[PDB]
Amino acid sequence: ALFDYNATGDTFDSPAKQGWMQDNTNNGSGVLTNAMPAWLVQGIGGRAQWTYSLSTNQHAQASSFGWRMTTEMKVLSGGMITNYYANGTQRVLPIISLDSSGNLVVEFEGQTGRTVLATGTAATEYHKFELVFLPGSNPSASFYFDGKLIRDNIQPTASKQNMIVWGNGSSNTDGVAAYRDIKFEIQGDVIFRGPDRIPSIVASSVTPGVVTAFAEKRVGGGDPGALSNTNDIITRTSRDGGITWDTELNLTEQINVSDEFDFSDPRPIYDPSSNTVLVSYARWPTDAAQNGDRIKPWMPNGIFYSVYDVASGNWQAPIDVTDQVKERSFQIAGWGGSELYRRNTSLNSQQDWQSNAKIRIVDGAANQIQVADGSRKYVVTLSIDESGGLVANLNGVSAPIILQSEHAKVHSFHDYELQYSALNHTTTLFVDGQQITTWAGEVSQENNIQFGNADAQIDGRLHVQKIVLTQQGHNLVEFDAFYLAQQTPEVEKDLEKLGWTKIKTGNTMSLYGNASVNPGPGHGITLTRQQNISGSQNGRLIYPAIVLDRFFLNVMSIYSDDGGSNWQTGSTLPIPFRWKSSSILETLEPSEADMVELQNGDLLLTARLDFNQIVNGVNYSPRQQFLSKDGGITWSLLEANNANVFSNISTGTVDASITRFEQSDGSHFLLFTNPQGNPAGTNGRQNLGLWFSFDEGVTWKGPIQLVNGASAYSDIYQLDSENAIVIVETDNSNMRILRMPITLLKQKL
Ligand SMILES: CCC(CC)O[C@@H]1C=C(C(=O)O)C[C@H](N)[C@H]1NC(C)=O
Ligand SMILES: [Ca+2]
Ligand SMILES: [Ca+2]
Ligand SMILES: [Ca+2]
Ligand SMILES: [Ca+2]
């Protein structure tokens, strides 16, 4: 909430015409002045000041969420120039004056001594005076003069005064000052009310002042997937930098006509090229979702986006991108074991045959597709090498073959075709129609087609969409995992019931997946520093989404290199595992995540780690950072870069936010928000903190406490050259707006 006085020239320029109450005594007075229009306070032989009354609830909001008072004035003479705020019990009182040398000085009630602010002709010229109050158990204000920190940790002092005040607050002491502008802002206006939840926010650089915020509208409350709620995506827009907001708009009820769905996790990206907001969100059937792993691949989970045209205020109807981002496959994780499927066949080695296998290599090695024709065996083994390239080894041939070096292509599906020539008794491998090589395989009496992960001592994971075997104009074998993966449970999908033999050693997991994809909470980004990042590009839209294969959550990039027309997925985060007992996996589950592009084009990602945090005695904490050096395709776990780097961060699991802040001089740093807990560094969703990184995410300074009270999910975005805007869940999950003077606050560090 903003309470202000602005002199414009309009002879409404009286503070009285702008809601202020004249409070003069004796000969105290005031008059409009126009050097540039201003109100001249004339506290000559009397008091001359202006006041504004606030409600109990307004004072309480100010106490819980902070406030700031900004004055542009010049002091002409005298003293007791008192611009301040008093809430009925306490106040922070700066007293500004000209001293006996004509120097402009300030002193504070409750602190010792004075500070010179300006000397010479500067003392009686206009300046900008800012008081910023940060809430907390032991709260304090800081005072700034033309943007520079003058005094910090100014603790409030007792006063029964109850008003916003500016001018010359003394009858017995002359003071004369001209005011161009007074702004008192109470932080924390409610923008979305609980039990709505899960906020995100972005701001338009092309149209300064435009801010677009999102949440889940939860009729009935609670997470998606409950029969007792119908959840939609809602949005509001500000055009004055987040002070006022237009009408709450339900973006998804138009595609939720029978309340058959829940939508969740609005993830906006601001696009400066089109000046648009593209917000992606999850769809779920209303009665099943991510919680409990209840969502299944045959159910209508997917991802849609809506586009806001900032220039017109138009919201475009939702667009479904589920087919592009929700993989359908049979997945074999040969992690600590091997798992192969073999279909015995009756190939005639004296006739040609052909096979096709559509396969994605997720990680590792010993991933195989094999055909044996009763005379010879042909095996292609697919691995990820040290530099993250895709490599083929053929049985009987010493030299490996590099198939791909570009990381997106390394982990995408490819068609592996074997063409056997009876005449030469050799087989030619084609990959995506490209002839790769010809080899003779090995002698064998086996007669089958076989695929999976082949070695219990070599970890690998491969996903399969199609397998075909053909001879003499007939398909002998056909397996369409892409089709089967999305069928309901009454369609037979068990390979062992479909004529395949399962050959498993040790511990493995396999499944048809994925069960769901979810953009996750917060916003995404457009990349602009990718020039020297091989295989990547500027203009990429990207966000870190949550994928559930069947039972385990993890994070992968979802991105578009054509402005949002077509979307692609990257690899999931690399995480440790351990089999604590047969078929019981100890591992991590990264879920709610946020990423930022560093100065060198590397991407820094911070992820909430849910459920178990400990693998082989190693505690990864409730939060873990990851780094991508290839534009978001693949990631690396940053050792010892977890919750530990955010001093006094809360110890409970919760969504966080991260973003880049750029100053007018081109300097930059990172901002991060998360509760501290109360006390700081304990469990609760209380006391939102702000952390800074001036070194590309290696260390973090802070926190600066932003909120005194409930603080759960949050999102932070740069608002302008000097401010960041924060949306944060608070009491009863009520989402509130903070507008934080970052360039001021950083000076407290
Ligand atoms: C994925 C993180 C977590 C796993 C327990 O679930 C989230 C936690 C939440 C929470 O801790 O408050 C609320 C989120 N809306 C929920 N996500 C979904 C899709 O229901
Ligand atoms: Ca409805
Ligand atoms: Ca529901
Ligand atoms: Ca987030
Ligand atoms: Ca699970």
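Indices start at 1 and increase along the chain as displayed.
Structure determined by X-ray crystallography, 1.9 Å.
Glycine is treated like the rest: Cβ placed from N, Cα and C.
These come from Swiss-Prot:
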| type | residues | note |
| --- | --- | --- |
| ACT_SITE | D223 | active site, proton acceptor |
| ACT_SITE | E592 | active site |
| ACT_SITE | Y713 | active site, nucleophile |
| BINDING | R197, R608, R685 | substrate binding site |
| REPEAT | 236-247 | repeat 'BNR 1' |
| REPEAT | 558-569 | repeat 'BNR 2' |
| REPEAT | 626-637 | repeat 'BNR 3' |
| REPEAT | 691-702 | repeat 'BNR 4' |
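Only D223, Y713, of the active-site residues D223, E592, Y713, have a C-alpha within 10 angstroms of the C-alpha of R197 (substrate binding site). The Cα of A35 and the Cα of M36, which border 2 unmodelled residues, are 5 Å apart. Residue counts for the repeat 'BNR 2' (558-569) by DSSP state, with H, G and I taken as helix and E and B as strand, are 0 helix, 5 strand, 7 coil. Cα spacing between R685 (substrate binding site) and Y713 (active site, nucleophile): 8 Å, rounded to the nearest whole number. Non-local neighbours of the repeat 'BNR 3' (626-637) in the same chain are 388, 407-408, 411, 527, 530, 533-537, 540, 542, 555, 557, 559, 570-571, 573-575, 590, 595, 601-607; each lies 6+ residues outside the stretch with a CB under 8 Å from one of its CB atoms.
Around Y713 (active site, nucleophile), the same-chain residues at least 6 positions away in sequence with a Cβ under 8 Å from its Cβ are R197, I198, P199, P521, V654, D655, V728, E729. A 10 Å cutoff on Cβ-Cβ distances gives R197 (substrate binding site) a total of 22 other Cβ atoms nearby, all chains included. It is 14 Å from the Cα atom of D223 (active site, proton acceptor) to that of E592 (active site). When the active-site residues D223, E592 are compared by the number of other C-beta atoms lying within 10 angstroms of their own C-beta, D223 comes out lowest. Of all residue pairs in the substrate-binding list (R197, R608, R685), the one with the greatest Cα separation is 17 Å apart. Cβ proximity to the substrate site centre (mean Cβ of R197, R608, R685, cutoff 8 Å) flags the following additional same-chain residues: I198, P521, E592, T653, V654, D655, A712, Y713, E729. In the shown protein chains, 24 other C-beta atoms lie within 10 A of the C-beta of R608 (substrate binding site). According to DSSP, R197 (substrate binding site) sits within a strand segment. If you measure from the Cα atom of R608 (substrate binding site) to that of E592 (active site), you get 5 Å. Within 10 Å of the Cβ of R685 (substrate binding site) there are 23 other Cβ atoms, across all protein chains. Helix, strand and coil content of the repeat 'BNR 3' (626-637), in residues and according to DSSP, is 0 helix, 5 strand, 7 coil.
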